[PDB]
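Working notes, beginning with the structure itself.
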Amino acid sequence: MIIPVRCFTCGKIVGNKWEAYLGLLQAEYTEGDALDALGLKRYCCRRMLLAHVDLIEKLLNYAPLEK
Amino acid sequence: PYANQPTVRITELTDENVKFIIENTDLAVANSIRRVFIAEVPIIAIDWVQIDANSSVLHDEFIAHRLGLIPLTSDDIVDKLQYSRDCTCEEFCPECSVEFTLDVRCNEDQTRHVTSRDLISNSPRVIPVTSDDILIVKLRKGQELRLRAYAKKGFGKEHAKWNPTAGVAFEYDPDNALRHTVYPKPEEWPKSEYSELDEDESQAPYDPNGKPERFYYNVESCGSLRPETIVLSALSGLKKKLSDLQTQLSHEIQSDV
Amino acid sequence: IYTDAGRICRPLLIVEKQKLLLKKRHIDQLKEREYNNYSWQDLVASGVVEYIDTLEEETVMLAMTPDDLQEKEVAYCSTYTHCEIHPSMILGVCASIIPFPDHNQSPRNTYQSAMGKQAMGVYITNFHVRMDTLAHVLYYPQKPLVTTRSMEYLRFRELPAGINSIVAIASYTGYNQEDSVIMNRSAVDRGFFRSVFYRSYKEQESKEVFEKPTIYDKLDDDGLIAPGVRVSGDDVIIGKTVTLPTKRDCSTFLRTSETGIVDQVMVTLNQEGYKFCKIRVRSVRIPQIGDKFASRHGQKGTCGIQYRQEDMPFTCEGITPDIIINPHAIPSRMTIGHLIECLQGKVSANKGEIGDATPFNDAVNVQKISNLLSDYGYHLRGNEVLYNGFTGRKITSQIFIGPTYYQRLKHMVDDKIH
Amino acid sequence: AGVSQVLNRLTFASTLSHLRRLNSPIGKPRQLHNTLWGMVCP
Amino acid sequence: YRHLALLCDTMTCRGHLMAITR
Amino acid sequence: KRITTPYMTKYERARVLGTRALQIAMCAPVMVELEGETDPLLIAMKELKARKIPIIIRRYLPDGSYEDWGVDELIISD
Amino acid sequence: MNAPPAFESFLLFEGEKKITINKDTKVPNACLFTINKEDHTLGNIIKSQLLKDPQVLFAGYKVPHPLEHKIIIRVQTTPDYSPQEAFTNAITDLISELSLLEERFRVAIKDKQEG
Amino acid sequence: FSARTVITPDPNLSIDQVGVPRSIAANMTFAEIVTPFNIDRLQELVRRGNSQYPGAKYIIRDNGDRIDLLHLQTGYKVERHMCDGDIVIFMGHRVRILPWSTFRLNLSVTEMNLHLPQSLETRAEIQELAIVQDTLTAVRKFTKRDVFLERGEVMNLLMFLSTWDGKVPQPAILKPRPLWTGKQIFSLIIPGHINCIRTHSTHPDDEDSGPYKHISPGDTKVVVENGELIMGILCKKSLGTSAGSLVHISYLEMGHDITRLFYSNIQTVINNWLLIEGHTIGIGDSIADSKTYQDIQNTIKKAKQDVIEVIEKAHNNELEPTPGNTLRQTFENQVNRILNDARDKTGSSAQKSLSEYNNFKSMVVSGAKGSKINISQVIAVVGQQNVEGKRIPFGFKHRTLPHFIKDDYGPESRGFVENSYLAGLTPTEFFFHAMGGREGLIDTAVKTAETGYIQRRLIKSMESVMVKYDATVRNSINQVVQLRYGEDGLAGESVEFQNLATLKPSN
Amino acid sequence: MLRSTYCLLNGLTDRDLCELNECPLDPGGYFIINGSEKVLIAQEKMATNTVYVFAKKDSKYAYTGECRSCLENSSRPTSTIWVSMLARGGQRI
Amino acid sequence: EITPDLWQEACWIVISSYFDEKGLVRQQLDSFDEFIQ
Amino acid sequence: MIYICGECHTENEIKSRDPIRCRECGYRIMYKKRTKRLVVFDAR
Ligand SMILES: [Zn+2]
Ligand SMILES: [Zn+2]
Ligand SMILES: [Zn+2]
């Protein structure tokens, strides 16, 4: 739904890296290069950032209950 | 029958991680130091959430969990504050808790990224690690999130939210001199970071008289506590635990004798 | 000639003497499907692919793959009249979830097809507006590190059901029996399979009125509690009173202590015009030691016990496994397909690109995955040196640890205690 | 009987499988026939 | 062999072969 | 004439211990010296090995003739 | 309602003792220390320090159940040396070890900075 | 009456003990009557009240009146929340209270309800009348001659022996360092003085005939003397329940009451040792060397060539059919025999490939009950897929699948899977294996129901048959089924397999 | 039935679906009866207007020829005839 | 004109075109449309 | 008691025996707002 904070395996902060992750993705940076640039050396953090599904935009597509 | 003489050799010092080596020590003490690193270092994390308004697409306890999982810079605030059961005040006081206030309204058409930067704390010295920011929630137009939180003191045993370390890489005997691992094919196993062997020699010769010394530590902080401060607090906490056990054991012995 | 409804057919390629009707021009046209109005219907109308039913299947001799069946070798059959687009298409929706299904045995594939139906996760994008009873939503669904191209068309990556967890196959403390697994308590606190269970109660009044009787403290003046109130066991969420020809109470309880927090309240008029109400209540389900989790290869298994990160074993890099599973369960529940999934997941996590687990690929085998893993400073076979969490001693046998996709199941202790 | 049951809305894969399924007339269809290749998921 | 002997003598002691009660 | 195995069957042991425990739980007098442990089952078994249980067992022959046996003379292998 | 809270994993319940000493009757000069609300940390370091003492015959720790925060430490020592003072010496040795380690770590931190 | 909950394994519990959540324990109560030497504790429980767990719910006076939760005296039947030491049935188990909300048991003999009786007589009678492939591998690894344990490891393992006398045995090696052996630890585990002889699975038959017949060159036949493992590796037959195994002999000698302790000690010590030694399974256990893989491929190619030769000769059909069968049945039998023997040879070669380090071999040599075929399929070849005891039928017109030719009886068709599970199955092989698995599922589904019906019918047939006090077996209507039980009037659980030693030898 | 050509959601973009509280990824193909999402499962039946020859064991007929016949759901949904032959245990059709 | 060694991407984009043209429940939708019309 | 609509999201007043009908909106499926009472969310 939304990017998790403190990836489950080790606990490194990954909740502040999603937006920079997408910014690097839109650039010429590939998947592995983007993950290395974000500083996720351990493959658990790479797993957390790579496998995440951002359902927050899909949920926000619907109109809110209160205007 | 008495203590050995440990030596500390720090190789890398950085704001996010510390790499050091502890020599002339037995394996159990090093493992306990690692264990205290992970679980027995008290830090400050948000533990009481009251959401006054939540129009986001995420339910209230989702936001509460995300807020409680956000690190807070508590390098020196943890020592001053005391635990809730150790404090005889009302449900909360500034001396045993830190107050945070969040109030965001998305009155603009584009999505509002409510992050940890919007968290405002009364105490200036304890703040989220940002001062990118920890993305708490995303708000559509007309969605408002308002809440009040209190952060208390705790360690990793209480919850992983109070774990100060991000990654604790603990290693000993990088080359199998003690043969603690029996490699079926030692030639195919990659060399360790601290391995002193040459390329041709995959495994070190067995050392019958050897015992584990020279433990390598790579402690990565989550930002809520300096890694050097993490190690110092861990050592102090382990010493305090041993002192309390001394007190209890002496009391029981003098009561039974 | 059959033109009647009911018969089942699949579309597949048409083959000339020894060549396909599908040429490079068709592929190029289909590549830019958008802004070119060249869809599958144009391919059908171009005499390249056609629909063959079961009746015509006897009279046709298919080609499994065009890469090495129409070539020149020891002659087996030169009259290839049709070719399959891809063999993996023989599988269904649930069978397409399994990565490397050809490396498993059929009972395991059937069991996983059964499990995927009750796999917990986000089911629809608009679950907030809708109220369907017995709904489960996962906190952090993730794409599998090891996926099949068929799952691209199932929109599984659009909204999945399961989380990729670092699974080590070891026997740690005996809580790792043939079915049970032991997960990281601290990582559960960080968000393993945290779920919200929405339950909907519908009530109707007819000639019965929604009014608060004179516990009913949480009840509002309208006879219905406002959303956002924590309701415990033996609590009334709906205040309904029926006239007695002093007034009989026909209120609804919380079905034997189904603790939770009310999410939404709705009142509307039915076809008869009578007012009816709907209550959606959400309950937080954090994985205990009774919840059942299943990989994409392996039987349903409950949680053995939850250990904290320090209790959990750790590698040289401090990567404590998310879930430890029984090595002895290979003959029983899980196959070597699970091991290959772990290897490919490790390779994908280190490399970055999501691994491909097409059933019949012939270009992605165990050796290539092992070489890729070895290229990233790891043991080629996926084994890793682990340290005992309790004592810090280096475990003699190197544990096979890697990221694997796991699925929480509807069967939970919290659902059945009530 | 056995027709038109409530749609399984627990998982998207579950919903897709429910929307794409077949019920045999019998209340030997037990085994999996050769002709089911490509027609029906094995 | 004791269990098999008991089973066989149970349904042969009537003087004629008898089926199970079912 | 008293012909029967001198041992005491498992089922006989179960029923006699159950009955003795129920009686001593209803505050029946105890003929063995007591310890600090309280559980009536434990005192029942310890009076059993004390060989002074005040209950005899009637053993019914298949025809219907009873055959009394004092628990004192019922030696116990276990 | 059934899930145990996390504070009692380490917090001492009222009315129950932190450490209890029990004499092992079936082995001469042996003792069992029951320490409540403690994980493998203190048990492991105490056991290692006791094995470092050459005047002990047996020294070990056990967690009877991971769900029950309690450790049993068995210590059997030589004659004219009760397990109590052996335990005290081991824990004091651990305290001195940790104090020296902390001082040397502070020295190393000072040396690494601006140097 | 009770609350049902899924069962979660807990090795730390006793074999006869059950872990019960405190909520379920407080949900239903056990009734106890007041005794002059238990009034204090019952008074404490009733003072605690129903709010806390270790309390009471209802009180019944001598007049039968029920009081909800205060004076307690003789004759008062108070129902208190069940605590440790209580007996419940689903066989009776001792109750232990554990934090979380799942029932817990040990899996050593092989969602469910439980019930606790109220009266003391039924409790006493259930109390007096009432290691599954998981620890076998670790026992096998523990009894290896390679196992040498350090002083701390020995002490840690020793603490988990409930029957330990407290005396640390002298290590098998004193210098250069004090090193014990796993055989010594298991010897301490073994209770009493048990003497047992039991050949190991790996033990070949030529060892006894030739020299070294009891110096054990390959860690041969297990010998145990004076209740301690003198020599050998303990596999399933030497440890699992069988004829003359260690557990069976120990039971028959000195009681199930401490055979249960033997089980618990084995489980605890083995788990704690495996905590540091570790066990795992992975990719490397199915990557048997290229020599054995090439041999398996060559054997499969030879088998396929033999089948092709059989087919071409059958086309020339000189090939006098075997008596008692037609041409079709005879030649199907020949093809099936060729495929089966090729599969068995490949599986045997794959099993022999694992020399010492493969983790699959540890389960194979010990748990060879039904794991040999699975391992052979994983490494060597999946094998021929059969439907209704025959090869894959021609579902289409004289053709198994539309990807073959008409009248194709070769190994490629008809459902023979050349590739193993590691190499992956071809789509035709995948479909044939799907057919085989579907048939197996149908067979299991019908077999379970039929077996249950047979069991119910058989137990209903002779439920009333009992051994009478005159050492005779009679039914409910009191007809003598047997003058003496088993023709000798002696129990069936106290007998053993023996040899006459005078029937076979010549005059 | 949902997402059919006669449903209001037919031919609607992703935004149109996510402005009327509808999931774009919802496949549709189900009915909403009394507020419940009901799906019709295709019933398997024997094909019509085709001749099948079978051989029953216990039946006195050695071979039976069956042909279920209709007029494309005009009327009488079942109408079948049998062409059997008696076993010689002389071949009477 | 021929697609050697590129067959995987070709067949997968063909399947992609089939799926985004028809869908997953295309049979039910087509049957209902035939019934109504 | 303040009560919100479903699509126009305008607050409406609903009393006892009051038919569900939003003013100047034309829509008749509608919701209610949050509580003002204190609720505690543990951040575990
Ligand atoms: Zn991480
Ligand atoms: Zn305070
Ligand atoms: Zn409105």
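By order in the structure tokens, chains are A, B, ...; within a chain, residues start at 1; ligands start at 1, following the order shown.
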Quiz item: Which parts of chain J does DSSP call helix (DSSP H, G or I) when run on the backbone here, written out as an NGL selection string?
Solution: :J and (7-21 or 26-36)
Practice problem: Collect all residues with atoms no farther than 10 Å from ligand 3, counting only C-alpha atoms and all ligand atoms, and output them as a PyMOL selection string. | Solution: chain K and resi 4-12+21-30
Practice problem: Do a neighbour search on residue 59 in chain F at 7 Å with only C-alpha atoms, toss out local chain neighbours closer than 3 positions, and write the hits as JSON, numbers by chain. | Solution: {"F": [66, 67, 68]}
Write the residues you've just listed into a file as a CSV table (one decimal), in the first residue's frame, and include N, CA, C and O atoms for each of them.
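Final output, out24.csv:
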chain,number,residue,atom,x,y,z
F,66,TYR,N,-19.3,-64.8,42.3
F,66,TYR,CA,-18.3,-63.8,42.7
F,66,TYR,C,-17.1,-64.6,43.3
F,66,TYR,O,-17.1,-65.7,43.6
F,67,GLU,N,-16.0,-63.8,43.5
F,67,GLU,CA,-14.7,-64.3,44.1
F,67,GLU,C,-14.0,-63.1,44.7
F,67,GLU,O,-13.3,-62.4,44.0
F,68,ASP,N,-14.2,-63.0,46.0
F,68,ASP,CA,-13.6,-61.9,46.7
F,68,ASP,C,-12.1,-62.0,46.8
F,68,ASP,O,-11.5,-63.1,46.9
Quiz item: Within 6 Å of range 47-57 of chain A, counting only C-alpha atoms, which residues qualify if same-chain residues fewer than 2 places away don't, as number ranges by chain?
Solution: A: 1-2, 43-45, 59-60; C: 142-143, 349
Could those selected residues go to a file with N, CA and C atoms, as a CSV table (one decimal), in the first residue's frame?
chain,number,residue,atom,x,y,z
A,1,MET,N,0.8,-1.2,0.0
A,1,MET,CA,0.0,0.0,0.0
A,1,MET,C,0.9,1.3,0.0
A,2,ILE,N,1.7,1.4,1.0
A,2,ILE,CA,2.7,2.5,1.1
A,2,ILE,C,4.0,1.9,1.5
A,43,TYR,N,21.0,-7.0,0.9
A,43,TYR,CA,20.0,-7.4,0.0
A,43,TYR,C,18.6,-7.4,0.6
A,44,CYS,N,18.5,-7.3,1.9
A,44,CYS,CA,17.1,-7.2,2.5
A,44,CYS,C,16.5,-5.9,2.2
A,45,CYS,N,17.3,-4.8,2.3
A,45,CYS,CA,16.8,-3.5,2.0
A,45,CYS,C,16.5,-3.3,0.5
A,59,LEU,N,-5.3,4.1,-4.4
A,59,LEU,CA,-6.3,4.5,-3.4
A,59,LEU,C,-6.7,5.9,-3.4
A,60,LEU,N,-5.7,6.8,-3.7
A,60,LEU,CA,-6.0,8.2,-3.7
A,60,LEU,C,-6.8,8.6,-5.0
C,142,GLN,N,3.7,-7.2,-1.6
C,142,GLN,CA,4.9,-7.0,-2.4
C,142,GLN,C,4.8,-7.9,-3.6
C,143,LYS,N,5.5,-7.4,-4.7
C,143,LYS,CA,5.7,-8.3,-5.9
C,143,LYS,C,6.7,-9.4,-5.5
C,349,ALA,N,17.5,-10.0,-5.8
C,349,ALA,CA,17.7,-8.9,-4.8
C,349,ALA,C,19.1,-8.3,-5.0
Counting only C-alpha atoms, which residues in range 155-234 of chain C sit no more than 12 Å from range 16-36 of chain I? For each one, give the nearest pair of atoms and the distance in Å, sorted by chain then residue number, as JSON lines.
{"residue": "C:155", "atom": "CA", "partner": "I:25", "partner_atom": "CA", "distance": 7.6}
{"residue": "C:156", "atom": "CA", "partner": "I:25", "partner_atom": "CA", "distance": 10.3}
{"residue": "C:157", "atom": "CA", "partner": "I:25", "partner_atom": "CA", "distance": 11.6}
{"residue": "C:158", "atom": "CA", "partner": "I:25", "partner_atom": "CA", "distance": 8.5}
{"residue": "C:159", "atom": "CA", "partner": "I:25", "partner_atom": "CA", "distance": 9.2}
{"residue": "C:202", "atom": "CA", "partner": "I:35", "partner_atom": "CA", "distance": 11.2}
Next, write the just-selected residues to a file, as an mmCIF file, in the first residue's frame, keeping N, CA, C and O atoms as the atom set.
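That gives us out.cif:
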data_model
loop_
_atom_site.group_PDB
_atom_site.id
_atom_site.type_symbol
_atom_site.label_atom_id
_atom_site.label_comp_id
_atom_site.auth_asym_id
_atom_site.auth_seq_id
_atom_site.Cartn_x
_atom_site.Cartn_y
_atom_site.Cartn_z
ATOM 1 N N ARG C 155 -2.364 -9.243 -13.310
ATOM 2 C CA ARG C 155 -2.321 -8.029 -12.494
ATOM 3 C C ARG C 155 -1.937 -8.339 -11.051
ATOM 4 O O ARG C 155 -2.374 -7.657 -10.121
ATOM 5 N N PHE C 156 -1.121 -9.377 -10.851
ATOM 6 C CA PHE C 156 -0.662 -9.697 -9.504
ATOM 7 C C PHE C 156 0.275 -8.620 -8.975
ATOM 8 O O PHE C 156 0.174 -8.219 -7.811
ATOM 9 N N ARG C 157 1.199 -8.142 -9.812
ATOM 10 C CA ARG C 157 2.063 -7.045 -9.397
ATOM 11 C C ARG C 157 1.283 -5.754 -9.194
ATOM 12 O O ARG C 157 1.732 -4.886 -8.439
ATOM 13 N N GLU C 158 0.133 -5.608 -9.855
ATOM 14 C CA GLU C 158 -0.716 -4.450 -9.611
ATOM 15 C C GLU C 158 -1.222 -4.437 -8.175
ATOM 16 O O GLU C 158 -1.234 -3.388 -7.524
ATOM 17 N N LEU C 159 -1.643 -5.594 -7.666
ATOM 18 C CA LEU C 159 -2.054 -5.722 -6.268
ATOM 19 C C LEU C 159 -1.854 -7.171 -5.838
ATOM 20 O O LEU C 159 -2.625 -8.065 -6.211
ATOM 21 N N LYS C 202 -25.139 -6.189 8.652
ATOM 22 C CA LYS C 202 -26.276 -5.520 8.035
ATOM 23 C C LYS C 202 -27.533 -5.811 8.843
ATOM 24 O O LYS C 202 -27.789 -6.964 9.208
#
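Around ligand 1, using only C-alpha atoms and all ligand atoms and a cut-off of 9 Å, the residues in contact are residues 6, 7, 8, 9, 10, 11, 12, 13, 14, 40, 41, 42, 43, 44, 45, 46, 47 and 48 of chain A; 166 and 167 of chain B; 319 of chain C.
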Exercise. Output as a ChimeraX atom specification all residues of chain G that backbone DSSP marks as strand (DSSP E).
Key: /G:19-23,30-36,56-62,70-77
Atoms kept (N, CA, C and O atoms) for selection, written as an mmCIF file, in the first residue's frame:
data_model
loop_
_atom_site.group_PDB
_atom_site.id
_atom_site.type_symbol
_atom_site.label_atom_id
_atom_site.label_comp_id
_atom_site.auth_asym_id
_atom_site.auth_seq_id
_atom_site.Cartn_x
_atom_site.Cartn_y
_atom_site.Cartn_z
ATOM 1 N N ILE G 19 16.394 -13.481 41.844
ATOM 2 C CA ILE G 19 17.289 -14.631 41.806
ATOM 3 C C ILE G 19 17.016 -15.506 43.021
ATOM 4 O O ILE G 19 16.810 -14.999 44.129
ATOM 5 N N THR G 20 16.986 -16.818 42.805
ATOM 6 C CA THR G 20 16.732 -17.790 43.860
ATOM 7 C C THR G 20 17.827 -18.846 43.840
ATOM 8 O O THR G 20 18.156 -19.382 42.779
ATOM 9 N N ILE G 21 18.380 -19.143 45.012
ATOM 10 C CA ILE G 21 19.438 -20.136 45.167
ATOM 11 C C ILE G 21 18.839 -21.407 45.750
ATOM 12 O O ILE G 21 18.177 -21.368 46.795
ATOM 13 N N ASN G 22 19.070 -22.534 45.079
ATOM 14 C CA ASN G 22 18.588 -23.832 45.533
ATOM 15 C C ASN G 22 19.755 -24.803 45.604
ATOM 16 O O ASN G 22 20.535 -24.916 44.652
ATOM 17 N N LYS G 23 19.872 -25.499 46.730
ATOM 18 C CA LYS G 23 20.927 -26.489 46.889
ATOM 19 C C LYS G 23 20.594 -27.752 46.105
ATOM 20 O O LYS G 23 19.474 -28.266 46.171
ATOM 21 N N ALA G 30 26.905 -28.415 44.906
ATOM 22 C CA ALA G 30 26.288 -27.971 43.666
ATOM 23 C C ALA G 30 25.084 -27.098 43.985
ATOM 24 O O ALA G 30 24.468 -27.227 45.046
ATOM 25 N N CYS G 31 24.752 -26.209 43.054
ATOM 26 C CA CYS G 31 23.702 -25.228 43.272
ATOM 27 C C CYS G 31 23.021 -24.877 41.957
ATOM 28 O O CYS G 31 23.595 -25.015 40.872
ATOM 29 N N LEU G 32 21.783 -24.401 42.082
ATOM 30 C CA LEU G 32 20.978 -23.946 40.956
ATOM 31 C C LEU G 32 20.489 -22.536 41.249
ATOM 32 O O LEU G 32 19.875 -22.290 42.293
ATOM 33 N N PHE G 33 20.762 -21.615 40.332
ATOM 34 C CA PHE G 33 20.318 -20.232 40.432
ATOM 35 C C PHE G 33 19.203 -20.009 39.421
ATOM 36 O O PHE G 33 19.421 -20.137 38.213
ATOM 37 N N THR G 34 18.015 -19.686 39.916
ATOM 38 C CA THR G 34 16.871 -19.356 39.075
ATOM 39 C C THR G 34 16.788 -17.840 38.976
ATOM 40 O O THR G 34 16.517 -17.164 39.974
ATOM 41 N N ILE G 35 17.036 -17.306 37.785
ATOM 42 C CA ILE G 35 17.004 -15.869 37.538
ATOM 43 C C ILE G 35 15.806 -15.578 36.648
ATOM 44 O O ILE G 35 15.713 -16.098 35.530
ATOM 45 N N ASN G 36 14.897 -14.745 37.139
ATOM 46 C CA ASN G 36 13.666 -14.450 36.424
ATOM 47 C C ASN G 36 13.842 -13.244 35.511
ATOM 48 O O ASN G 36 14.667 -12.362 35.763
ATOM 49 N N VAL G 56 35.847 -24.725 39.289
ATOM 50 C CA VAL G 56 34.471 -25.186 39.140
ATOM 51 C C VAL G 56 34.488 -26.495 38.363
ATOM 52 O O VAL G 56 35.308 -26.675 37.455
ATOM 53 N N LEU G 57 33.604 -27.419 38.743
ATOM 54 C CA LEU G 57 33.518 -28.689 38.032
ATOM 55 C C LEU G 57 32.504 -28.620 36.900
ATOM 56 O O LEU G 57 32.742 -29.148 35.809
ATOM 57 N N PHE G 58 31.367 -27.976 37.145
ATOM 58 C CA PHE G 58 30.289 -27.878 36.177
ATOM 59 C C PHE G 58 29.731 -26.465 36.215
ATOM 60 O O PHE G 58 29.568 -25.889 37.290
ATOM 61 N N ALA G 59 29.431 -25.916 35.043
ATOM 62 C CA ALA G 59 28.872 -24.572 34.965
ATOM 63 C C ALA G 59 28.083 -24.451 33.674
ATOM 64 O O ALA G 59 28.649 -24.597 32.587
ATOM 65 N N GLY G 60 26.784 -24.191 33.792
ATOM 66 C CA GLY G 60 25.962 -24.062 32.605
ATOM 67 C C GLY G 60 24.704 -23.268 32.872
ATOM 68 O O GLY G 60 24.342 -22.996 34.017
ATOM 69 N N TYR G 61 24.022 -22.919 31.782
ATOM 70 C CA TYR G 61 22.768 -22.187 31.839
ATOM 71 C C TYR G 61 21.749 -22.847 30.922
ATOM 72 O O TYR G 61 22.095 -23.506 29.939
ATOM 73 N N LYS G 62 20.477 -22.662 31.266
ATOM 74 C CA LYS G 62 19.369 -23.260 30.537
ATOM 75 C C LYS G 62 18.194 -22.297 30.541
ATOM 76 O O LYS G 62 17.947 -21.604 31.529
ATOM 77 N N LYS G 70 12.907 -16.885 32.139
ATOM 78 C CA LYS G 70 13.548 -17.437 33.322
ATOM 79 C C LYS G 70 14.699 -18.321 32.868
ATOM 80 O O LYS G 70 14.582 -19.043 31.875
ATOM 81 N N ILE G 71 15.810 -18.253 33.598
ATOM 82 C CA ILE G 71 16.996 -19.040 33.289
ATOM 83 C C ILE G 71 17.443 -19.781 34.541
ATOM 84 O O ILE G 71 17.380 -19.246 35.654
ATOM 85 N N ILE G 72 17.882 -21.021 34.356
ATOM 86 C CA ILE G 72 18.400 -21.860 35.430
ATOM 87 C C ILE G 72 19.886 -22.060 35.175
ATOM 88 O O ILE G 72 20.276 -22.579 34.125
ATOM 89 N N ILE G 73 20.715 -21.655 36.130
ATOM 90 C CA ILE G 73 22.164 -21.772 36.017
ATOM 91 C C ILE G 73 22.633 -22.801 37.032
ATOM 92 O O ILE G 73 22.440 -22.626 38.240
ATOM 93 N N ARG G 74 23.253 -23.869 36.547
ATOM 94 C CA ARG G 74 23.774 -24.925 37.402
ATOM 95 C C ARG G 74 25.271 -24.732 37.586
ATOM 96 O O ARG G 74 26.016 -24.643 36.602
ATOM 97 N N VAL G 75 25.704 -24.656 38.845
ATOM 98 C CA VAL G 75 27.110 -24.457 39.187
ATOM 99 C C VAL G 75 27.503 -25.490 40.232
ATOM 100 O O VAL G 75 26.941 -25.509 41.332
ATOM 101 N N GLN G 76 28.471 -26.338 39.898
ATOM 102 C CA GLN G 76 29.072 -27.274 40.835
ATOM 103 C C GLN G 76 30.565 -26.996 40.895
ATOM 104 O O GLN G 76 31.235 -26.976 39.858
ATOM 105 N N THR G 77 31.084 -26.794 42.101
ATOM 106 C CA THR G 77 32.462 -26.374 42.300
ATOM 107 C C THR G 77 33.216 -27.395 43.143
ATOM 108 O O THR G 77 32.669 -28.410 43.582
#
Quiz item: ligand 2: which residues are within 12 Å, counting only C-alpha atoms and all ligand atoms, as a PyMOL selection string?
Solution: chain B and resi 80-98+150-153
Quiz prompt | Coordinates-based distance that separates CA of residue 101 in chain B from CA of residue 66 in chain A (Å, one decimal) | solution =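 According to the coordinates, CA of residue 66 in chain A and CA of residue 101 in chain B are separated by 22.4 Å.
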Quiz item: Which polymer residues have any atom within 12 Å of an atom of residue 7 in chain J, counting only C-alpha atoms, with same-chain residues fewer than 4 positions away left out, as a ChimeraX atom specification?
Solution: /C:20,22-24,27,65-68,84-86,361 /J:2-3,11-14
Could you write out that same residue set with C-alpha atoms as an mmCIF file, in the first residue's frame?
data_model
loop_
_atom_site.group_PDB
_atom_site.id
_atom_site.type_symbol
_atom_site.label_atom_id
_atom_site.label_comp_id
_atom_site.auth_asym_id
_atom_site.auth_seq_id
_atom_site.Cartn_x
_atom_site.Cartn_y
_atom_site.Cartn_z
ATOM 1 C CA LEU C 20 5.225 -19.965 -38.887
ATOM 2 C CA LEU C 22 3.838 -15.104 -37.501
ATOM 3 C CA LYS C 23 6.615 -12.992 -39.026
ATOM 4 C CA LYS C 24 8.797 -10.209 -37.658
ATOM 5 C CA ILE C 27 5.848 -8.624 -33.857
ATOM 6 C CA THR C 65 7.942 -24.478 -29.518
ATOM 7 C CA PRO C 66 9.019 -23.057 -32.900
ATOM 8 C CA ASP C 67 12.645 -22.629 -31.814
ATOM 9 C CA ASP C 68 13.710 -26.259 -32.322
ATOM 10 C CA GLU C 84 1.530 -23.318 -29.464
ATOM 11 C CA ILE C 85 2.094 -19.676 -28.555
ATOM 12 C CA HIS C 86 3.574 -20.761 -25.219
ATOM 13 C CA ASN C 361 12.106 -21.521 -20.359
ATOM 14 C CA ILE J 2 11.781 -14.900 -39.192
ATOM 15 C CA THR J 3 12.285 -14.567 -35.425
ATOM 16 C CA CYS J 11 5.360 -14.810 -28.045
ATOM 17 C CA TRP J 12 5.069 -12.937 -24.758
ATOM 18 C CA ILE J 13 4.015 -9.684 -26.432
ATOM 19 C CA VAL J 14 1.579 -11.732 -28.538
#
Exercise. Specify as a ChimeraX atom specification all residues of chain H found within 8 Å of chain G, counting only C-alpha atoms.
Key: /H:12,21-23,98-101,152,155-156,159-160,165-168
Self-check item: Shell of 6 Å around range 6-12 of chain F, only C-alpha atoms, local chain residues under 3 positions omitted, as a list in words
Solution: residues 15, 74 and 75 of chain F
Export of prior selection with C-alpha atoms as a PDB file, in the first residue's frame:
ATOM      1  CA  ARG F  15     -11.043 -48.244  39.483  1.00  0.00           C
ATOM      2  CA  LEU F  74      -2.856 -58.756  45.523  1.00  0.00           C
ATOM      3  CA  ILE F  75       0.860 -58.374  44.869  1.00  0.00           C
TER       4      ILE F  75
END
